[PDB]
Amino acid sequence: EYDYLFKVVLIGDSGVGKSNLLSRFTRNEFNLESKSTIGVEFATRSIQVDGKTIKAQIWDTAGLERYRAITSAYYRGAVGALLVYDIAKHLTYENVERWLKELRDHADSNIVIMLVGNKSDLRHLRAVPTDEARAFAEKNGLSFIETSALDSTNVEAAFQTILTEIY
């Protein structure tokens, strides 16, 4: 079926758009009325990379600002992570540091991390300057991109890019 299996997890504040990034990537679907995620789930998508079939296994869970019993298992074996915030809510960006710390304390040291500023379609309500986020990312060795699960801008590109870096 596939040549490589890569586990990638989604983290970030509740409401930033993690589940819609997952649904957009794996089912080309967006839901404006999506509800906060219950439990832990994952979905797969197979893509082509360097002529190889990559099976991306994307994990998702609610972005609860708290340590969780599932934390260790959630990062276990993960080779990639999308740290997501809402460009229209500066608070979700402030919390990026908290998420990165949690990741550094449980994930493999060589995990590839991409900082994702979602909801770019709300640029008229931007609260997080692109230049500032990019600076934070490069400073902490994280890839960076702005997406919109709503209009699909850069969503495919975000996953393709992180998977390309992993392989």
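Heads up: residue numbers just count along the shown sequence, starting at 1.
A.B. asks: Would you say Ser36 goes unmodelled in a third or more of the other compared entries?
C.D. replies: Result for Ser36: never missing in the compared entries.
A.B. asks: Please confirm whether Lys119, modelled here, goes without coordinates in at least one third of the other compared entries that cover both its neighbours.
C.D. replies: Looking at the other entries that model residues on either side of it, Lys119 is missing from at least a third.
A.B. asks: Per the record, averaged over C-alpha atoms, which has the higher B-factor: 35-43 or 61-69?
C.D. replies: The stretch with the larger average C-alpha B-factor is 61-69.
A.B. asks: Mean CA temperature factor from the deposited coordinates, higher in 125-133 or in 95-103?
C.D. replies: The deposited B-factors put 125-133 ahead on the C-alpha mean.
A.B. asks: Sort the modelled residues of this chain by their C-alpha B factor and say whether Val8 lands in the lowest, middle or highest third.
C.D. replies: Its C-alpha B-factor belongs to the lowest third of this chain's values.
A.B. asks: Which third of the chain holds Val112 when residues are ordered by C-alpha B factor: lowest, middle or highest?
C.D. replies: Its C-alpha B-factor belongs to the middle third of this chain's values.
A.B. asks: C-alpha B factor of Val49, ranked within the chain: lowest, middle or highest third?
C.D. replies: As the PDB entry reports it, the C-alpha B-factor of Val49 lands in the highest third of its chain.
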